[PDB]
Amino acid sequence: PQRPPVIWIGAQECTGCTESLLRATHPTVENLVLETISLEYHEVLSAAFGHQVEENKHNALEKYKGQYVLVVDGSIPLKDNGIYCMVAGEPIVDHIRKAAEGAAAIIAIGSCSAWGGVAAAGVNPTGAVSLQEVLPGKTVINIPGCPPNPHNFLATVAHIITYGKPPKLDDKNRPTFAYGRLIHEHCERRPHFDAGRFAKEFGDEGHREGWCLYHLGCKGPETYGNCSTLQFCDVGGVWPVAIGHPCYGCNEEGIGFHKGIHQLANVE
């Protein structure tokens, strides 16, 4: 039985988005690549290298024209004709545009590809932009986070495979099952926020009682995500706030990598 083909291209990535897959449990990475999809190109895992792996990619783009899901992690640098990320002697922006032409679906995994992320922050030395900016004529599904819970991606792919279309998306083309609500509008520390029960410094009495982290700079009030419900790693109880640290807003453009850790969020 044939498995749906996937082409994964890394641009200005830290590899954290690929590494999220090694934490996944439903499916595990081994079940993903052996049972769920055919991973036709991925530079981190491929046996082949160099000319052989570039031959793999050209052959798969041809063979699976119109059928593959294209996934990109990392931002795409446009400054100086694309030379801040060169693969096989060509700018990554060109590899991505060529692969996008025959894609059945296109996914920006991670904040960097979804909206520029950390790579585009501050003075943006390389003119890093999002995948949607590189592909104005295409619908790009955005799966932000740095990195997202891998199941935000895997259940998006599963919806495409099982039901034949993408999951429902919000106005930023983010799947609603994962990004449909502010973290602060589904956070278990909301009772403490409501009562004015706040941690003031790490290790203080309030912090050691699991109180709200708003005055530590929690960006939950301005960040869409599922971090408080789905959480991370499938062990139970694991997300940054539960561990004791404010949300930094890594999912959300203009929050993560722009605002200081301790800078207060705006509350609706």
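The first residue of the sequence shown is number 1, and the count goes up from there.
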Quiz item: For the C-alpha atoms alone, is the average B factor greater in 127-135 or in 108-116, going by the entry?
Solution: 127-135
Quiz item: Out of 207-215 and 55-63, which stretch has the higher average CA B-factor listed in the record?
Solution: 55-63
Quiz prompt | Candidate residues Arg181, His192, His151, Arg97, the one whose C-alpha B factor the record puts highest | solution = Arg97
Practice problem: Select one of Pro144, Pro175, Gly74, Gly82: the residue whose C-alpha shows the highest B-factor in the crystal structure entry. | Solution: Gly82
Exercise. Among all modelled residues of this chain, ranked by Cα B factor, put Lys165 in the bottom, middle or top third, i.e. lowest, middle or highest.
Key: highest
Exercise. Place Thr36 in the lowest, middle or highest third of its chain's C-alpha B-factors, as listed in the PDB entry.
Key: highest
Quiz item: Would the CA B-factor of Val140 place it in the lowest, middle or highest third of its chain?
Solution: middle
Quiz prompt | Third of the chain's Cα B-factor distribution that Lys200 belongs to, per the entry | solution = highest
Quiz item: Is the Cα B-factor recorded for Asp234 in the lowest, middle or highest third of its chain?
Solution: lowest
